[PDB]
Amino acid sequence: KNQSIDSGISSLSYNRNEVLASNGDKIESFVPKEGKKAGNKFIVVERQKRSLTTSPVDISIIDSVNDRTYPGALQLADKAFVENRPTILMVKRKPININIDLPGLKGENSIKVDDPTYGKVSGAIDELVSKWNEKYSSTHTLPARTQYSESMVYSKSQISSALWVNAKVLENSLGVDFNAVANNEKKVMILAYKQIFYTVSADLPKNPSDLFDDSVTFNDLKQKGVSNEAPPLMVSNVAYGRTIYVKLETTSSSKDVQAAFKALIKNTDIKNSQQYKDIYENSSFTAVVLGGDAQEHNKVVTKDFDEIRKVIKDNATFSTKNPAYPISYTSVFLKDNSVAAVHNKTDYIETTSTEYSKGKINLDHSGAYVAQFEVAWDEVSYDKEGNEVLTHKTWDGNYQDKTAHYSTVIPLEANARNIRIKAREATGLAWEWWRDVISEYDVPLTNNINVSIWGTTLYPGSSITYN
């Protein structure tokens, strides 16, 4: 009891740079490189351990709980604050001045709130908006201050730290299948278009005592959870608006996925490429709007990104005759009046992959001579340590006499490498001393390697073509 509200808050000992800590997995076990056969394709998956360390100050608000966050609100810097379910500190308060950042208000934009509470501070904000609606009675619809963030998805913990959003808000709203992402079954990118209408700020106190009524004692605050493990915070600024989350999803395992997606967003000229056309045919785009101005559980799901663009643009403007809801805030530690950052630290497995596809070597011999072929290749596999293991393969028809007309096909698995095709006119003793009619090395694995041999013994001809 020998403690005042100022000396008590001052006597709290905590690391301001680590109280609001968020830690994730570190991580699990994984093979650095893995070959997989699926469909008529071979996928290869490289993996790397990645470490993130963001220390943001803008903190997401979950709509379900916005009653808890409002300018001049008082919360505790505990693990619940980090989970976006803050513990409120409800006590008898001294008045506080709040200030809205809207245009044409330099000026006559602030207001004193005698009892800072959700209802009173909301009423105060609504009145500042009604004071703006008068004066600017023609233009009631304004543009939003848009911010853009983009990120490929690797884990629930990683995308949460990249986009600064609660992962369940992402998982429930957009429908994110984190196991397909981990298994490299799906590749997903998420966009966020944060649409800020305005921000309301609360004047900071000279000393913490300026927030609490004289009757309130440090022991009253200790009863409500104020501790070294739960220091007190004041909500300094709150941003009102909405956010639009976009999900680009694909079953494709190609290396060009992130590029293809980035092209679609900017609407660039690589977009038309046939490489990206197969990626887009197996892609789905999903957009949702979160805040309050949009109706709960709204959603667009399409294979036409022009539908997504429309949703983004349609929500770039807000009406000053409708109520705005908080989307994020910045809080300040009462002890030093310093901005409270949430120190995120997480490890994750960045997956990268490459798609290969089954191929075949078609042979045609219309030549007026006996020919023999030597077709050979390797098949790549990967051991537990991610190292390549080349199992050599050969065609069963090698070194066997063929005459006009002869045709065959030599299927190759998607994991075929180092292909080599050779043909020799059999005019003589043995293979070893014959003329090469065609002789190709490290042939690329295409869907059809059309090798033809023709002509006479004096003018033999050949060619190698691809489809």
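All residue numbers are counted from 1 along the displayed sequence.
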property: Mean C-alpha B-factor comparison - 175 to 183 and 372 to 380, higher one; result: 175 to 183
property: Per the entry, higher mean C-alpha B factor between 151 to 159 and 239 to 247; result: 151 to 159
property: Out of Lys277, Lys194, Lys360, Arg309, highest CA B-factor residue; result: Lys277
property: Most elevated Cα B-factor in the entry, residues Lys112, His392, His365, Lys299; result: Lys112
property: Third of the chain, ranked by Cα B-factor, where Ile96 sits; result: highest
property: Third of the chain's Cα B-factor distribution that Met234 belongs to, per the entry; result: lowest
property: Modelled-residue ranking by C-alpha temperature factor, third containing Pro56; result: middle
property: Entry-reported Cα temperature factor of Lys41, expressed as the chain third it lands in; result: middle
property: Ranked C-alpha temperature factor of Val409 among modelled chain residues, by third; result: lowest
